[PDB]
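Input: a single structure, listed below in structure tokens.
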Amino acid sequence: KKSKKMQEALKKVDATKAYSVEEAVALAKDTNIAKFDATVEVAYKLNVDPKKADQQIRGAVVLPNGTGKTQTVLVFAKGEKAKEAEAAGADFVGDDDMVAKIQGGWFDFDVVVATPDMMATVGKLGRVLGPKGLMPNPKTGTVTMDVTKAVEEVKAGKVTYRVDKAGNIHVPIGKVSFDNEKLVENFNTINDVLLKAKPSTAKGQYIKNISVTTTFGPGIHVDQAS
Amino acid sequence: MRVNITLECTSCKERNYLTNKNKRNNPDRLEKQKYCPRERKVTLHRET
Amino acid sequence: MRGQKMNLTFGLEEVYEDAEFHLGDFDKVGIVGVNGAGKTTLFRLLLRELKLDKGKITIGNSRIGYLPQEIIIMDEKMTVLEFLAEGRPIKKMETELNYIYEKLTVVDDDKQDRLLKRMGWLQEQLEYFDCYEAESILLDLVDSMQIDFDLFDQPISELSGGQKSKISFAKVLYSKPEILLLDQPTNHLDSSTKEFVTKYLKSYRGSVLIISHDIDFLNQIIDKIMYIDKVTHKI
RNA sequence: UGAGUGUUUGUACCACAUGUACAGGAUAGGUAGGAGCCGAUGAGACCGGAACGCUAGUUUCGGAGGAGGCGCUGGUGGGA
Ligand SMILES: Nc1ncnc2c1ncn2[C@@H]1O[C@H](COP(=O)(O)OP(=O)(O)OP(=O)(O)O)[C@@H](O)[C@H]1O
Ligand SMILES: [Mg+2]
Ligand SMILES: [Zn+2]
């Protein structure tokens, strides 16, 4: 029913006790027995209910340490913005014509950023991207006047966070390879952006439960005060 | 049935005038072009 | 849903006089009254189409699925598929969103803030009304009332009264509502079709207000009955 | 003005089970991570029981036996 490794990690974890953030990062590094560079992801169960148009939140947050996995960058740009993409060193720079080839080609690029003007040409393709979630969004900022900032943020490891329907928003803070101290710093940045992201119409405690888990490791409640 | 009524200015929502109308003879809200002292010009006043 | 001191008088003939009502959530309310009692008018108040002369009518923020007593055919040439598709705001937002993209090219640094916000809401709203519905609707007809696909390409005005009621009823369900306001949902339906509607409404977990002159149909569904009095102008 | 029993109920954890529309390999709940994962602490395949079941199958229990499968990959789909 449960692997011996998971069972040992479960005994390590305290269901009753919500760890501090530092204890949680250390404990996750302990729990991920499987010998692969598993990521560490945290879930916040917000009080807000997405179905209300105001309540639903969608944003993108940069991490000073990064995700621990590099990210490919796709850019839709024209003229000076293409020049800026080249300066930024984006993996791919494309035009309205190359979007068709991008459909079915150069796939697996982590994220897309399109210039405002391009969005009109991009949107036709974006209908395909919509279900994929690749299409850029102004609120996340992936639509920008300058592509350089988006490229460097993507390189820096910017993570897009979108509240799930159930109301638990999950985000990877970093790789187990990153030191527990770096992982907790990523978590602190995530917590701050969420607090600022709390909508006005929201009421009551913002977060019902915060749980940290490695890819293999089980969920660990983390004290909100910590 | 004749009843007292108030004519409110559409432009400023001011209840400038009092009058009366027969409901049966004038089922719909009465509308008149009357001078609005606040705006100092003729405006459409509708019963409320 | 709550109404206090409700008053409404069209000309000389009055509908509500100091009427009041409180409906709890998750109540399959059966609205009953003689013709002209003001049952349809109540929904118009809930839908904010009408305004009470005096009093307060309180409605929850949840999305409402409204089934009009009369079919709304904006144009004679509208096809059944066009009529049903209009239930969801997918098409309307895309037309607005497409214009937003046009403005983005025209405007460089003036309206971008407003356009970007409008684009963001439309995308988030569009994803909220998941654009996969194009396939779901096609199969909602099959599972709902065995509505043949040949009708799907036919002008709606040419359908039969019973057929129109199925389309209108399906459109309400297609909208994926939170509160159901059904105004005579079985006006033209035959015996077989009525069976499906009854079973679905029995299972429907949410609140559903039903205006019906079919006592047996209501008895199988209704748990609370609201009577609109024609002489006392009360509820 | 305090002890109990039982019954009917409301709330809250905690366990359990359940997710079959079209296509889809077929019983696809959503999100995130995921290349790797699970099994002599008894895997695969086989057999009986029981449950669910939209009748297509799914879940679970046990008999023997003993070491295997699953994933990624691939195509489908809005979604693997
Ligand atoms: N704009 C209006 N002007 C004048 N009278 C009106 C107006 N609207 C409604 N009325 C009157 O309101 C009265 C009741 O309203 P309503 O149409 O909702 O009755 P109803 O119970 O829904 O009818 P039925 O049950 O037969 O479908 C009608 O008799 C109608 O004559
Ligand atoms: Mg009516
Ligand atoms: Zn005036």
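Read-outs throughout are calculated quantities, based only on the coordinates presented, and are distinct from any laboratory measurement. Note that we place each Cβ from the backbone using ideal geometry, even for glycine, and neighbour counts take in every protein chain shown.
With q set to 0.09, 0.10 Å⁻¹, the log10 of I(q)/I(0) for the protein assembly as shown, from the Debye formula over equal scatterers at the Cα positions, is -0.92, -1.05. Hydrophobic, long helices, defined as DSSP H runs whose alpha-carbon span along the helix axis is 30 Å or greater and whose mean Kyte-Doolittle value is at least -1.0, do not occur in chain A.
In terms of surrounding Cβ atoms within a 10 Å radius of their Cβ, A:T201, A:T189 rank from fewest to most as A:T201, A:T189. Per-residue ellipticity at 222 nm, computed for chain C from helices alone with -39500 (n - 2.57) per DSSP H run of at least four residues, works out to -12500 deg cm²/dmol.
What ranking do C:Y132, C:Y204 get, fewest neighbouring Cβ atoms within 10 angstrom at the top? Before the final figure, lay out each step's value.
Values: C:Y132 9, C:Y204 13.
Fewest-to-most ranking of C:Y132, C:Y204: C:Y132, C:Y204.
Helical content of chain A, expressed as a calculated mean residue ellipticity at 222 nm, amounts to -10500 deg cm²/dmol (DSSP H runs of 4 or more residues, -39,500 (n - 2.57) each, divided by residue number, nearest 500).
Rounded if a/c is under 1.5, else prolate if a/b is larger than b/c, else oblate: which is region A:88-226, with a ≥ b ≥ c the root eigenvalues of its Cα gyration tensor? Prolate is the answer for region A:88-226, as a/c is 1.5 or above and a/b outweighs b/c. Between beta-carbons, use under 12 Å as the cut-off and find the net charge around C:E102, counting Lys and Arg +1, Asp and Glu -1. That sum, taken over residues with Cβ under 12 Å, equals 0. Partner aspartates and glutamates whose Cα lies under 12 Å from the Cα of A:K11, excluding those fewer than 8 positions away in the same chain, are identified as A:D30. Under unit Cβ charges (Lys, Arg +1; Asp, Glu -1), what dipole magnitude, rounded to 20 debye, does region A:79-226 have relative to its Cα centre? With only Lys, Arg, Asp and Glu charged at Cβ, the dipole is about 760 debye. The packing ranking, built from the mean of other Cβ atoms within 10 Å per residue, places the peptides A:134-144, B:29-39 in the order A:134-144, B:29-39, highest first. Exceedance of the 25 Å cut-off in Cα-Cα distance is limited, within the set A:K83/C:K117; A:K101/A:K132; A:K101/A:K124, to A:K83/C:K117.
In this rough spin-label picture, where each label sits 7 Å from Cα along the Cβ direction, the C:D75-A:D223 distance is 6.6 nm.
Would you work out if chain C is rounded, prolate or oblate? Take a ≥ b ≥ c from the square roots of the eigenvalues of the alpha-carbon gyration tensor; rounded if a/c is under 1.5, else prolate when a/b is larger than b/c, oblate otherwise. Please list the in-between numbers first.
Working: a/c = 2.07, a/b = 1.31, b/c = 1.58.
Because a/c hits 1.5 or more and a/b fails to exceed b/c, chain C counts as oblate.
Simple point charges give the picture: +1 on the Cβ of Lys and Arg, -1 on the Cβ of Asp and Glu, and for the protein assembly as shown a dipole about the Cα centre of about 1820 debye.
Is there a quick way to get the dipole size of region A:32-75? I mean about its Cα centre, with the Cβ of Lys and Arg at +1 and of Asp and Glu at -1; what is the value in debye to the nearest 20? Before the final figure, lay out each step's value.
On the way: 6 positive and 4 negative charges, 16 e Å.
So the dipole magnitude of region A:32-75 works out to roughly 80 debye.
If you wrap region A:1-118 in the convex hull of its Cα atoms and look at it from every side, the mean projected area works out to 12.7 nm². Listed by chain and number, the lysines placed with their C-alpha closer than 17 angstrom to that of C:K77 are C:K164; residues fewer than eight positions away on the same chain are left out.
For chain C, modelled as a GNM whose springs connect Cα atoms under 10 angstrom apart, the maximal fluctuation among C:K77, C:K103, C:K224 occurs at C:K103. Residues C:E94, A:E185, arranged from fewest to most other Cβ atoms within 10 angstrom of their Cβ, appear as C:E94, A:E185.
Taking a sphere under 12 Å around the Cβ of A:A88 and counting the other residues whose Cβ falls inside, with K and R at +1 and D and E at -1, yields a net charge of -2. Computed over neighbours whose Cβ is under 12 Å from that of A:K29, the net charge equals -3, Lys and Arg +1, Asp and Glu -1.
For C:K230, a cut-off of 21 angstrom between C-alpha atoms picks up these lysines, skipping any fewer than 8 places away in its own chain: B:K23, C:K5, C:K39, C:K51, C:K54, C:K56.
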